[PDB]
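Derivation of every value follows stated rules applied to the coordinates shown; laboratory data play no part. As a convention, Cβ positions derive from the backbone with ideal geometry for all residues, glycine included, and neighbour counts pool all protein chains shown.
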Amino acid sequence: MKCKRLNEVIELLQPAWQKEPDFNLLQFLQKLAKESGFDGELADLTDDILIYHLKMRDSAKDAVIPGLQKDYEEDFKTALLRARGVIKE
């Protein structure tokens, strides 16, 4: 309702967060931000960063790009099978 932060992330980040909805607003955001190599802390993480980031991969569906999609695939599968058994992995 009153969280414009929630609204704009559910605009472009909607599919991404539906792959991992267990993490909270700042918890999912701090994950993807630290994988982007965020220098600041998530308590200072501006919505401008997230929205711009998820719009890059959104515009990759149809853009000026000459076959160059560019979406840095994490081997979370590696970390996942390496962890195993724990409730969240």
Ranked on Cβ counts within 10 Å of their own Cβ, fewest leading, 9, 64 go 64, 9
Looking at this model, which pairs from 34/61; 2/70; 4/77; 61/88; 19/55 are more than 26 angstrom apart at the alpha-carbon? 2/70; 4/77; 61/88
For the chain, with only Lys/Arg (+1) and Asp/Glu (-1) charged at the beta-carbon, what is the dipole magnitude about the Cα centre, in debye rounded to 20? 280
What residue among 28, 38, 76 has the largest mean-square fluctuation in a Gaussian network model of the chain, using Cα springs under 10 Å? 76
For the chain, I need the span (max minus min coordinate) of the C-alpha atoms along each principal axis, in Å, sorted largest to smallest. 43, 38, 26
